[PDB]
Every structure is written in C-alpha cells, then in structure tokens.
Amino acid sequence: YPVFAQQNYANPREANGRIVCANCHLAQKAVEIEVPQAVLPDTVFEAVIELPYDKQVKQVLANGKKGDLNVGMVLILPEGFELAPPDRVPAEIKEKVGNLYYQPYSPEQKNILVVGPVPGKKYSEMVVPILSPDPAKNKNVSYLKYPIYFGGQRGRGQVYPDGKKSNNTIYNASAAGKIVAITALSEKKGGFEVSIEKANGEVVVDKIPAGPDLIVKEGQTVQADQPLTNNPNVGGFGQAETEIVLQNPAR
C-alpha cells in the first residue's frame, strides 16, 4: 500500500528512477499518464492516469479466496507543484476526480501525491487536479520544462514490510529431496504442507498458504528452490514519465 511505502521509504523514487512500490509489487504491468504540454503559473491543470488490467480476472485475496483488485499510485511532481486545493478546482474537474482523496507523501513533500487502495473497477482511470507554482513568488522553481514521474499499482503485493512473503507469489522447495507427503491443512484455512525427504533421510516440511496452486505431486523429486506452486499474481506495477513546461507570462 502507499502507506507501506510511506512508513518505510523516505523518498519514493530511487537514484535509477525506480519507484519503491516495485520493491514489493514484483510484476510489471504498463501504465499511462497525460498532462498538458504546458501550463501558466498558479493554474490548475489535470493529470490523467491509466492503470489498465483485465477486470474479469480475480486475484488471490489475503483470506485465500478470489476477489477484485484494488489500485493506487504515486505521482512525483516538480518542487512547487501541489494538489490543487478544493477551492481552486472547478466543479467540472471535481466531478472527473470523483470520490478520491489524494494525499501528500509527507507534510514536507507536498509535490508527491498518493492515493489508494481504492477499487480498480471504478478507478482504473483517475484524474488528479494539480496547481502549478509561480517562479515570481517561489525561487525554488523557474520557467523550465520539468519531468513528471508516475507509478501505477494494481493488486496485492508479493512481500510485506517485514520481509515475509504474501500468499500472492510463488512458493519454493526449501531443500532438494523426494516429496514423501502433501498434506492439505484444514478446509477453512486451506493451504498445504509439503514434506521433502533429503538425500540423508531428514524430512523438512514446507508450509504453503492457501492461494497458490500446487504443481508438484507425492513421490516427485524436487531440487532446492524449485517451485512447488504456480505464480498466482495477476496484478502489477508500472511506471511512466512525462513532462510539462511552466509558461512565462509576457506583458
């Protein structure tokens, strides 16, 4: 979630341009962003973002069942640019934005906006009202062509802040050996326990949460780190970059 990024990463964009959501949402899925080529100072403009995905395909949920996907994003604007205050956003734009609550990454980074999680069904496309700065009043900005960075996220991640894998990723054999048993946990918690007999006779038990499907069978020999399941992840994170020119009013 955006909060996972906020609580664990001071800056959402790394030196090489990678946005931190990618450290946990391990699958790539394209996104799109559009902003006007240019904007006058102290003016409200729209950033239209696209987070496409097949809405017919459900994902594995935290509870092990299948369900809809939720989305979120992080938008990195040039210093000085900020979310347009409600009083500056015309009715026609507020309607396009819908019931979304964009928030600054931190009180000290009002130029970085986030949103989510929100339903993918309704927000696979979003509009963000942005207010441009004024070089005449802000010396941290000038009349330049500035870059804008975007990260669009869909679906549950593969690893948590604590480093533990979620049930929405691949599970691998902890050791090489012969699978001597594949036990179904319960019927309410789901999941499995895969017993692997090593060459020395020791038996290790790999626990697999409900969600992923097994691709191995009893009696089958596996190598260390060999996948025991499929890759249930159907979501993805994508990045895009664009630009905008802050116009210099002439009179």
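Note that residue numbering begins at 1 and tracks the sequence as displayed.
Mean C-alpha B-factor is higher over 220 to 228 than over the other stretch, the pair under comparison being 30 to 38 and 220 to 228. Higher mean CA temperature factor between 45 to 53 and 200 to 208: 200 to 208, per the PDB entry. Across the options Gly120, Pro147, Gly163, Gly157, the residue with the most elevated CA B-factor in the record is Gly163.
Taking the deposited Cα B-factors for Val114, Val71, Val127, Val89, the highest one is held by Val89. In the deposited entry, the Cα temperature factor of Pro104 sits in the middle third of values across the chain's modelled residues.
Per the deposited record, the Cα B-factor of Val180 falls in the highest third when ranked against the other modelled residues of its chain. For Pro78, the recorded CA temperature factor ranks within the middle third of the chain's modelled residues. Looking at the C-alpha B-factors along this chain, the one for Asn172 belongs to the middle third. Among all modelled residues in its chain, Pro133 ranks in the middle third by Cα B-factor.
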